[PDB]
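I have placed the structure first, in the form of structure tokens, so that the comments after it can refer back to it.
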Amino acid sequence: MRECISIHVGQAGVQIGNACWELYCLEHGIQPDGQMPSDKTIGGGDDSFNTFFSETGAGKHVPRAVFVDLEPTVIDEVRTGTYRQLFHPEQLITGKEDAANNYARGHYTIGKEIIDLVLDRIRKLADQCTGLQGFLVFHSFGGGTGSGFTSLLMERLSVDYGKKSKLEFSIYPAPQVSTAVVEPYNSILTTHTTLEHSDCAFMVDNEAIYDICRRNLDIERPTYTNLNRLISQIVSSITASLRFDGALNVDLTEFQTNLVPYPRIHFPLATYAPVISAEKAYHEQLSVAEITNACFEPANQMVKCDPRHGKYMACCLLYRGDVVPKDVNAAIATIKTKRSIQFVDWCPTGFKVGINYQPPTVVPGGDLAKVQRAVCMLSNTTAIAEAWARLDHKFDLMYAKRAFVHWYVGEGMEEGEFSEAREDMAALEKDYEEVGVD
Amino acid sequence: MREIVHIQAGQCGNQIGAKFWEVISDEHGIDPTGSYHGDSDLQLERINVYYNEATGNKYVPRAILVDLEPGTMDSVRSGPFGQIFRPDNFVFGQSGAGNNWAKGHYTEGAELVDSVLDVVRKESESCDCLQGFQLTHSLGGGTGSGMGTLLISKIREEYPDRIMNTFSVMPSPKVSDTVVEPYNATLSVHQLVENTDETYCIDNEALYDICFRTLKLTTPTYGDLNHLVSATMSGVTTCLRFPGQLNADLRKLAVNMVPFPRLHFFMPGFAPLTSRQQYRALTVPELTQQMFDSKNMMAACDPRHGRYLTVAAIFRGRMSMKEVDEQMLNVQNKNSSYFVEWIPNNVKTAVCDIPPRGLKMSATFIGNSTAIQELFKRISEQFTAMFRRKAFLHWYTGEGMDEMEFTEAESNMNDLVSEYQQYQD
Amino acid sequence: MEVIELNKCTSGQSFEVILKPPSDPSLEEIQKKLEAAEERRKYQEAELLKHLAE
Amino acid sequence: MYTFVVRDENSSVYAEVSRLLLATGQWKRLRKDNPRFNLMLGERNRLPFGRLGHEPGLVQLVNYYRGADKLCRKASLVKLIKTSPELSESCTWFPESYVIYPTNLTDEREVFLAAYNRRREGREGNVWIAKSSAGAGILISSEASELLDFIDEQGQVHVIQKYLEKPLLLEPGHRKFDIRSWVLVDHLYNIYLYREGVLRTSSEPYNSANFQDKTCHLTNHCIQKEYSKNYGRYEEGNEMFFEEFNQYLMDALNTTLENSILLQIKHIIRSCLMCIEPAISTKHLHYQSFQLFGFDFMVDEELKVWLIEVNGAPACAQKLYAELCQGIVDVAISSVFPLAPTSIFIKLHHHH
Ligand SMILES: Nc1nc2c(ncn2[C@@H]2O[C@H](COP(=O)(O)OP(=O)(O)OP(=O)(O)O)[C@@H](O)[C@H]2O)c(=O)[nH]1
Ligand SMILES: Nc1ncnc2c1ncn2[C@@H]1O[C@H](COP(=O)(O)OP(=O)(O)CP(=O)(O)O)[C@@H](O)[C@H]1O
Ligand SMILES: Nc1nc2c(ncn2[C@@H]2O[C@H](COP(=O)(O)OP(=O)(O)O)[C@@H](O)[C@H]2O)c(=O)[nH]1
Ligand SMILES: CCc1noc(C)c1C(=O)Nc1cc(C)on1
Ligand SMILES: CCc1noc(C)c1C(=O)Nc1cc(C)on1
Ligand SMILES: CCc1noc(C)c1C(=O)Nc1cc(C)on1
Ligand SMILES: [Ca+2]
Ligand SMILES: [Ca+2]
Ligand SMILES: [Ca+2]
Ligand SMILES: [Mg+2]
Ligand SMILES: [Mg+2]
Ligand SMILES: [Mg+2]
């Protein structure tokens, strides 16, 4: 057994982190006080769920998590929330004033003064690991902390944990649920400095999660609670292999191996199905083929884009529930003769499949209805580059006038770092086009 | 605990400031004695933003009252909520400022500024984490304009990285006390361009026309004009005083509304505005239609004459947040020619469940529009009409000022107009 | 349409289906960046105080 | 109040649509770089589909199908036909074609020479035509040596297909011609065939013993009006519409345009568009697409119809701009943005 340390930075990461650890507990039968009756090895053991939970002599299962925010309002909810007993105070780190949606502020002005403390708290959790694999880092692109502080933390983690893997769960900025116009700056600044430090990043576009909540859950005005309970379902589907018995994606290393043949192109597209409104009278349960086919619909992708006009470098199918290999292969053969699935010539044309028999757990009172089987597809498509294009374009509109740039230079950042980050994105976009277009 | 320190200076500043504390004290359930008597926990959640908590569960506003004569502040202390203010926080002289910027900034004001800062320093030392300062004042007088801007210059020196916001009443010949208001306003505008993060430009002519044309008040008074400023100040600060919409931060709001450091002068708005047909229910479309109509604009500037750099709208009341988005998108997607297209999504909307007193719902408008240059153009043309004959200068040269200082104020604001012009094309 | 590497356990199974064959900065360098930005803040604030002293 | 942008100043078609929309008083045009638009009349090359459908509260519609170039490219169309089981390689309505890359750059050089050597031995007609999408540059020759040597001198991909040695000729004149059919596909993938077509006729007598003079062999409007000396003799601008052409087929051949030619045309249009529907459909997409297509057909003396190419940015006949452009507003634009007949189109029903 090898441990994984989760790190939640900023409001987005903390709130999402809260929704995921709630789900992890309900999936592993861990109660709010940390007790786990099913665990027969008291105060120890090297089980699959121990990759995310340590154990105390008192039988408490403590997440291997750290929460970091430059302002205490969001982390304060965790300290007094339903699962306040899972964590101890050392795990929840809060400042007094935030980065004000300013990358430079979270990276330089305030980041420089708190980085050495965060690292010390992470070291404490690492000291409890007999074979640490790496880190899962949750954060937003738009926040000054989610973007500015994360990139600094990622730089230092590479310095203090050279051979460890680092995966991201990054929230792509969507204006519909955003009250800040400078988020395109922060996103491109943080993607520039984080790129060489992240082995695999899962981008979730709030726009996609928003319309899935309106379309499938009939939520007219989705809240962050709605969005985060949905995101944590997808996150749970991606990390299940690390927490349960199995042979696919058993360690963080296997993610880059199976999803990222080229290092810079480490942004797999995620697609999840089915998402059924729990308020529905009672839905007809979908088959293996119906949910598998749904993985090639744009309406359930975490990032809206057209995979038909890209090229695949890898494709993973992660099933949960009543699923046998025979039905998977039957649906795949049917999707090939119907769908547009163009792989890159230097990659094989295949699918790695993982099946966990336990169907998705639903949060009591949540929005999602219980289903007999679900699937999450992880596919590395060049079509996800569309999202970079949209984002790079907004950056160019503002930066051409240097709008809001003074707020960044005022925190010690040099203006040139803007263009230095933008040029990097221009290279990232060119890399996708060389891989997907003819 | 993100505290704000409030300062009100001069006649206009203290009368408008007083009404502000009168309006929000009623929203947070604070009586004229400082005791709370509301019925909702939301009234106390963000209460420490503008109020210090004293013994006995008393809430004393975090405000400092400044003036160079006693008259006005004597009224506040005798006014409705006069007893609510901290006694030590009344700082005043006896000489007055004679509607003279130089007296407020260099002579009379300078004699009194140090003691005013001792109170500001005292209020900040108790803040768990000081967010920033807000000042209410007029630019046409002598104390609020001359000494007000002196206070800002010294506050920035001592707190260089805290946010400095002002609500500034701009003079107008139609609602004028003396002919030198253009002089005092032009000298203050330069101080504001340098040393404030946000300035809410309030034009007394716009306030007058609203009282006359819209509210149908035959003979408006300063008190009538101050009712509007009251409601507007409560609107723009609603997101700071009540929970729900995070990112409610002074610097965060400045970061998103000010794309360029010197262009930080906002046009405020408010809806509804009804004369006494006052009980009619107001729909969301009507709210949005009015909130964007120029007649509800308080800067006496036609937005259709320029372009919006950034817009922030705060809706108050129990309403369909879904229908809000629909109507806001309708205003933009039906007039996108008045928003600069090089700032994507430069219109943001926030909702608030608690409505103001006596209103089922309301909307407050906060616009960073390049049409605000029309306001500085008015003041500049009035300045030049007198300065070209050196009329009334002796009131200032007698306090130690030179003509050169006027010429540079002139050039500084004409430059400010040039900056707004290049971003309009 | 070949199935390979079939692994089965109590909590599920996993396999691979092949349809078609194919055809950093040191700790010192980081501190310098963090200290350079702080030096540009100090220089900008000094000029702001120098301006206020005039 | 609907809003649209214009990003193709060279489109004679959507220049009229933009004119008609403004006339409705319910559509307002914006600068070409304004994202808050309902309708984009986009550029030809490198249309940024990836930025569409991401503006909150705006249903956005564009006048091009992403991925339709597969059908509107000389080389792409040949590859689409030979590889799509829907069309198969034995497709009976598409001339035997081969994709040939110049030797300075898969490629079907030998496969073409095998079929060529077979014809040259079987005493059959062995006349081919080489062409490419980078032309105003066409060559018609009966010797395979000339066809290959011609492409190698260029630097872009070319396509060699069998030249119809027995094309149907109009009388009087004894002249070649092609038929242009405009087809519109709305956001629902309804295939509409504009009732009005045009025959681009040659004003020069067809001569099968001289492919060197390409004035009587190529029916392009720009060729006849520049290198042909009989331009506009028989019909105005070398453009005969269906009324006259139908009347001719009845007087000479004792048949109608509907039965002898229009059935084959409508069948070809369905097979092509239905073939790529799963690849270009925008039914479940965050934005919506529609596109006007200009098909080109050939007719032989047996009254069999062959497909020449498909144009993704076609122009219309001068006389039919009003009727057609208006039709686009009705079925393609107003269908998504309604305004506060006897359809001019022929819906070709099909299975989605
Ligand atoms: N999905 C999701 N997105 C969130 C959540 N909270 C904030 N966001 C997104 O994050 C972006 C803003 O960044 P934040 O994470 O809130 O800011 P921050 O990281 O705390 O940094 P500061 O600027 O210092 O507050 C916006 O685009 C929001 O839509 C959340 O709980 N769930
Ligand atoms: N295989 C073939 N057999 C007979 N004629 C052919 C032919 N290929 C092309 N042509 C002749 O060439 C003309 C069409 O040329 P083509 O369409 O390939 O060039 P082009 O695309 O530049 C003209 P447009 O796109 O405007 O229709 C027709 O008029 C036809 O007479
Ligand atoms: N809106 C409003 N404006 C005022 C009020 N009192 C004065 N003014 C304006 O303020 C300017 C005079 O400044 P004043 O405050 O009286 O001078 P000060 O006391 O020395 O600061 C003139 O332009 C007046 O129109 C008031 O109560 N309300
Ligand atoms: C809407 C109320 C609000 N609450 O927190 C913030 C931050 C805002 C705000 O106005 N954000 C803006 C405005 C523009 C333009 O870009 N971002
Ligand atoms: C607002 C009342 C007031 N208070 O002090 C002054 C000076 C005024 C004033 O200008 N009154 C006006 C304006 C017009 C027109 O007629 N009367
Ligand atoms: C940026 C416009 C805005 N939009 O929502 C809020 C809240 C504001 C705002 O800045 N309010 C205040 C309060 C004080 C003092 O100064 N500004
Ligand atoms: Ca155990
Ligand atoms: Ca590394
Ligand atoms: Ca004195
Ligand atoms: Mg935050
Ligand atoms: Mg006065
Ligand atoms: Mg062509």
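Residue numbers (the working numbering), protein chains in the order written: chain A, 269 to 706; chain B, 26 to 450; chain C, 322 to 375; chain D, 2 to 353.
Just so you know, even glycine gets a beta-carbon here, dropped at the ideal spot from N, CA and C.
Of the heavy atoms belonging to ligand 10, at least one sits nearer than 6 Å to the Cβ of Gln-279/A. Here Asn-328/C has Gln-334, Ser-335, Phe-336 as same chain residues with Cβ atoms under 8 Å from its own Cβ, once five neighbours each way along the sequence are excluded.
Straight-line spacing of the CA atoms in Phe-212/D and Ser-143/D works out to 9 Å. Between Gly-285/A and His-276/A, the gap from beta carbon to beta carbon is short of 7 Å. In its own chain, leaving out the 5 sequence neighbours on each side, no residue places its CB closer than 6 Å to the CB of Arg-301/B.
Contact annotation for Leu-312/B against chain D: no contact, minimum CB-CB distance about 17 Å [criterion: below 7 Å].
Taking the Cα positions, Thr-58/B is about 23 Å away from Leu-265/B.
Taken through DSSP and simplified to helix, strand or coil, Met-346/B comes out as helix. For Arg-276/B, at least one C-beta of chain A is nearer than 7 Å to its own C-beta. Distance from the CA of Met-251/D to the CA of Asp-70/D, rounded to the nearest whole angstrom, comes to 37 Å.
Taking 6 Å as the cut-off, the C-beta of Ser-433/A does not count as close to any heavy atom of ligand 8. Residues of chain B whose Cβ lies closer than 9 Å to the Cβ of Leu-665/A are, in chain order, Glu-366, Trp-367, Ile-368, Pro-369.
When DSSP reads this structure, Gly-294/B sits in a beta bridge with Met-322/B, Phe-390/B. Between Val-639/A and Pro-542/A, the gap from beta carbon to beta carbon is short of 7 Å.
In this structure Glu-303/D is exposed. Its beta-carbon is surrounded by fewer than 16 other beta-carbon atoms within 10 angstroms. Under DSSP, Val-63/D takes part in a beta bridge, and its partners are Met-41/D, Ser-290/D. The secondary-structure analysis by DSSP pairs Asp-92/B across a beta bridge with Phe-117/B.
In the DSSP annotation of this structure, the continuous segment of the alpha helix (DSSP H) that includes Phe-431/B starts and ends at 428-447. Between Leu-586/A and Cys-644/A, the C-beta gap is smaller than 7 Å, which places the two residues in contact.
At a Cβ-Cβ threshold of 7 Å, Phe-115/B and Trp-46/B do not count as neighbours.
With respect to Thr-224/B, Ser-255/B sits apart: the two C-beta atoms are not nearer than 7 Å. Using a CB distance cut-off of 7 Å, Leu-327/C does not count as an interface residue toward chain B. The C-beta distance from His-188/D to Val-337/D rounds to 6 Å, short enough to meet the 8 Å contact threshold. Not one heavy atom of ligand 2 is found less than 6 Å from the C-beta of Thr-283/D.
Judged by DSSP secondary structure, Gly-402/A falls within the beta strand (DSSP E) whose first and last residues are 402-408. With contacts defined as CB atoms closer than 7 Å, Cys-573/A and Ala-668/A fail to qualify as a contacting pair.
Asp-9/D counts as buried, since at least 16 other C-beta atoms from the protein chains shown sit within 10 angstroms of its C-beta.
In this model, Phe-431/B and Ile-41/B are separated by some 29 Å (Cα to Cα). Contacts with chain C at 7 Å (Cβ-Cβ) do not include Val-528/A.
Within the stretch 561-588 of chain A, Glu-565, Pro-566, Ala-567, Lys-572, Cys-573, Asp-574, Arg-576, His-577 place their CB atoms closer than 9 Å to a CB of chain D, listed in sequence order. Remark: the C-beta of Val-261/B is in contact range of ligand 6, defined as less than 6 Å to any heavy atom.
Closest by C-alpha distance to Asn-437/B, out of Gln-216/B, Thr-263/B, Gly-173/B, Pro-245/B, is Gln-216/B.
Taking each of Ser-203/D, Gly-198/D, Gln-265/D, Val-100/D in turn and checking the Cα distance to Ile-345/D, the smallest one comes out for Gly-198/D. Of the other Cβ atoms in all chains shown, fewer than 16 fall within 10 Å of the Cβ of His-419/B; this residue is therefore exposed. Shortest gap from the CB of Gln-36/B to any heavy atom of ligand 11: under 6 Å. The alpha carbon of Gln-27/D has as its nearest neighbour, out of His-352/D, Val-330/D, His-351/D, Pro-342/D, the alpha carbon of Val-330/D.
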